[PDB]
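Input: a single structure, listed below in structure tokens.
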Amino acid sequence: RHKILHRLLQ
Amino acid sequence: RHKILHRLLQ
Amino acid sequence: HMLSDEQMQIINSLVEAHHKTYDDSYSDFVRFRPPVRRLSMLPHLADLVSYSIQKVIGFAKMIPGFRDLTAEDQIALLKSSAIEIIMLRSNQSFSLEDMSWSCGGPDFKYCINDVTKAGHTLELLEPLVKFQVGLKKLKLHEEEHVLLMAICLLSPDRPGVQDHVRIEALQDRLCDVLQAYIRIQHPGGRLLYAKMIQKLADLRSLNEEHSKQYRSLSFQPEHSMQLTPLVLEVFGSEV
Amino acid sequence: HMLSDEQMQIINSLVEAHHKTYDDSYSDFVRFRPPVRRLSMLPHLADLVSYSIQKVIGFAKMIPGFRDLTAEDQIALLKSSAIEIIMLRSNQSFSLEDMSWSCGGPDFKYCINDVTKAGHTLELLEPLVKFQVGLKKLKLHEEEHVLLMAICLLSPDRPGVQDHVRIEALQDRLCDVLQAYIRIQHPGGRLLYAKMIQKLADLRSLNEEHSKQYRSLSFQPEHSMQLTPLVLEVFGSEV
Ligand SMILES: C=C1/C(=C\C=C2/CCC[C@]3(C)[C@@H](C(CCCC(C)(C)O)CCCC(C)(C)O)CC[C@@H]23)C[C@@H](O)C[C@@H]1O
Ligand SMILES: C=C1/C(=C\C=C2/CCC[C@]3(C)[C@@H](C(CCCC(C)(C)O)CCCC(C)(C)O)CC[C@@H]23)C[C@@H](O)C[C@@H]1O
């Protein structure tokens with residue numbers, strides 16, 4: 001999923 | 001799974 | 001008319017437990033991520049809570065009869081009762097003079113507002129203070145305070161709980177020691193017991209209010225990344 | 001014999017990017033969990049790395065052509081190249097005088113030993129210093145340093161990568177600007193380019209050594225609970 005990494009890449 | 005919580009309860 | 005050994009030995013274990021897991025100097029707080037007064041307090045308070053959970057797990061492990069439960073039931077009780085155990089123990093640092101938790105210089109003096117900078121409002125932060133005050137005023141003995149935390153931790157009424165019959169007996173043994181104690185060792189405390197049990201019902205509500213607010217916060221990845229693995233795991237639903 | 005606009009504009013973007021995501025004062029380090037000299041440095045260094053990852057993601061987002069890739073390929077490149085980007089940028093704080101990263105008073109002066117108190121040995125910690133020295137000695141220009149990080153981030157050879165054909169072209173555009181630059185703006189640097197590329201091959205090795213050591217550490221819950229969600233997620237395998 002990569003919840004965090006997704007939000008960070010905007 | 002509760003990896004952390006398991007190790008802590010010893 | 002007089003406590004028996006098994007009871008007395010129950011009180012000795014619980015008191016020693018709380019002592020081995022609660023520091024009145026709050027010295028480890030400098031190890032946390034520094035406080036900051038956009039969810040600026042979130043990093044510090046997450047460490048505060050995560051820290052406390054490790055403590056609660058330490059206290060629990062020593063509650064008589066707890067290690068006998070199954071890993072699963074231990075985990076179910078901790079997860080559900082955790083937040084409440086933290087509110088009960090926090091009362092030790094609560095200060096009626098300033099309506100805040102005083103754990104150090106202006107730095108570690110958490111007042112109702114610093115919690116807001118951690119993702120919480122006042123509509124729900126008001127009952128916490130309302131609860132910390134009534135509890136404080138009960139001027140509990142360390143024995144009753146420690147018991148109450150043990151009684152609260154063994155509440156059979158927890159989602160996820162299997163052996164709700166045994167957990168139920170344990171809590172009853174504890175409730176009995178609390179009653180005998182208050183009766184023989186606590187002069188003037190005739191209504192007390194009933195007042196203490198009422199405090200658990202309040203914890204349920206505060207517990208449900210936290211779940212909701214925490215749920216929103218944990219759902220937003222920009223915020224959850226501020227939490228610690230232990231918190232994410234204890235308050236998480238992946239049971 | 002002279003750089004063109006698109007190239008010059010590539011260098012302007014990268015340099016501004018590194019500037020907007022790298023502080024030479026290291027002021028935010030006080031926000032981390034304090035260092036402590038049983039994996040005592042683990043809490044501080046986890047915050048250091050987690051912090052740096054947010055920075056690398058910030059730099060990456062501004063690498064020209066990167067936002068055009070798919071969320072998936074962006075994530076695949078970050079995850080695999082992350083640790084290396086951190087070693088490249090860390091060189092800025094490396095000090096040949098003391099063979100350590102100097103980011104503040106004795107507190108934030110990370111030397112080879114403080115990393116050991118974070119779950120790493122010396123057998124594998126030796127190549128890192130060996131690498132930080134050779135890189136330092138290359139006295140790169142900010143333009144070449146910044147390029148190298150961008151070139152390293154666009155390495156098509158990353159497990160998880162889909163569009164390895166485009167990512168490949170981008171890296172080539174960057175490698176060309178680095179060569180032209182070194183050729184026209186870097187006097188005496190005839191061998192340089194080739195020395196810089198060699199540094200990427202080394203990063204691969206250091207990258208593989210970290211994976212292994214981190215894997216062990218992340219597997220032990222008493223340690224992983226010290227890591228941060230972002231680290232757990234970036235270095236984790238749940239791709
Ligand atoms: C911890 C301890 C201390 C204080 C407790 C506090 C002050 C800060 C905010 C807390 C931690 C309350 C918070 C929970 C915040 C956590 C999080 C992850 C940000 O949702 C409140 C939630 C309850 C209501 C209903 C108000 O929303 C519960 C008890 C409060 C200090 C010391 O006594 C040790 C004790 O061990
Ligand atoms: C971060 C930054 C800085 C220094 C870098 C360091 C010193 C501490 C330890 C690090 C972070 C190395 C570690 C990775 C440790 C992380 C963890 C989770 C504990 O596995 C090394 C792994 C590499 C070898 C092969 C040596 O095992 C890589 C670069 C080293 C400071 C500043 O320059 C910003 C930069 O942005």
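Residue numbering restarts at 1 for every chain, and letters A, B, ... go by the order of the sequence lines. Note that these values count all heavy atoms, side chains included, but never hydrogens, waters or copies made by symmetry.
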Do the side chain of [X] and the main chain of [Y] share a donor and acceptor less than 3.5 angstrom apart?
| X | Y | value |
| --- | --- | --- |
| D/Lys136 | D/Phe94 | yes |
| C/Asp114 | C/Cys111 | yes |
| D/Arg166 | D/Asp68 | yes |
| D/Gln7 | D/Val177 | no |
| C/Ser218 | C/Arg215 | yes |

Mutual orientation of the aromatic rings belonging to [X] and [Y] [parallel < 30°, tilted 30-60°, perpendicular > 60°]:
| X | Y | result |
| --- | --- | --- |
| D/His145 | D/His18 | tilted |
| D/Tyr22 | D/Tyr26 | perpendicular |
| D/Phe108 | D/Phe29 | perpendicular |

Looking at [atom1] of [X] and [atom2] of [Y], how far apart are the two atoms once the value is rounded to the nearest 0.5 Å?
| X | Y | atom1 | atom2 | answer |
| --- | --- | --- | --- | --- |
| D/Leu3 | D/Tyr181 | CG | OH | 9.0 Å |
| D/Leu200 | D/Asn207 | CG | CG | 11.5 Å |
| D/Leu203 | D/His210 | CG | NE2 | 13.0 Å |
| C/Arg33 | C/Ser50 | CZ | OG | 8.5 Å |
| D/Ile151 | D/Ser81 | CD1 | OG | 13.0 Å |
| C/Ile112 | C/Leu122 | CD1 | CG | 8.0 Å |

Problem set entry | Salt bridge D/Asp98-D/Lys109, side-chain N to carboxylate O under 4.0 Å |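 Looking at D/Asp98 and D/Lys109, the cut-off is met.
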Exercise. Are D/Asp157 and D/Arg204 within salt-bridge range, i.e. N to O under 4.0 Å?
Worked result: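 Looking at D/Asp157 and D/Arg204, the cut-off is met.
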[X] atom [atom1], neighbour heavy-atom count above 12 within 6.0 Å:
| X | atom1 | answer |
| --- | --- | --- |
| C/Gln220 | CD | yes |
| D/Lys139 | NZ | no |
| D/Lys137 | NZ | no |
| D/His164 | NE2 | no |

Nearest heavy atoms of [X] and [Y], plus distance in Å:
| X | Y | answer |
| --- | --- | --- |
| C/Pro229 | D/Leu232 | CG-CD1, 3.7 Å |
| C/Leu217 | C/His223 | O-CB, 3.5 Å |
| C/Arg37 | C/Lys117 | O-NZ, 2.5 Å |
| D/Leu230 | A/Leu8 | CD1-CD1, 3.9 Å |
| D/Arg67 | A/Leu9 | NH2-O, 2.7 Å |
| D/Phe59 | D/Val146 | CZ-O, 3.7 Å |

Close side-chain approach of [X] to [Y], heavy-atom, < 4.5 Å:
| X | Y | value |
| --- | --- | --- |
| A/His6 | C/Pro221 | no |
| D/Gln226 | D/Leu39 | no |
| B/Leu5 | C/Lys79 | yes |
| D/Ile10 | D/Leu14 | yes |
| C/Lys212 | C/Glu209 | yes |
| C/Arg31 | D/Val36 | yes |
| D/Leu174 | D/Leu170 | no |
| C/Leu227 | C/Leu42 | yes |

For this session: Begin with the C-alpha distance, continue with both residues' side-chain angles, and end with the deciding distance and a verdict on side-chain hydrogen bond (donor to acceptor under 3.5 Å, both in side chains) for D/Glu142 and D/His19.
Result: CA-CA 10 Å; D/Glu142 185 164 57; D/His19 285 172; 2.8 Å; yes
Exercise. Can you check side chain to side chain contact (heavy atoms under 4.5 Å, CB included) on D/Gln132 and D/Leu128, steps first, answer last?
Worked result: CA-CA 6 Å; D/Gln132 289 301 325; D/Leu128 212 206; 3.5 Å; yes
For this session: Would you sort out whether D/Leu178 and D/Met196 count as a side chain to side chain contact (heavy atoms under 4.5 Å, CB included), showing the intermediate values?
Result: CA-CA 10 Å; D/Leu178 174 55; D/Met196 288 185 84; 3.8 Å; yes
Problem set entry | C/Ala118: partners by side-chain contact (heavy atoms from CB on, under 4.5 Å), with sequence neighbours left out | C/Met41, C/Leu45
For this session: Applying side chain to side chain contact (heavy atoms under 4.5 Å, CB included), run through D/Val30 and D/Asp107 and close with a yes or a no.
Result: CA-CA 10 Å; D/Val30 296; D/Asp107 255 47; over 6 Å; no
For this session: Please step through side chain to side chain contact (heavy atoms under 4.5 Å, CB included) for the pair D/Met225 and C/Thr228, ending with a clear verdict.
Result: CA-CA 7 Å; D/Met225 73 177 282; C/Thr228 69; over 6 Å; no
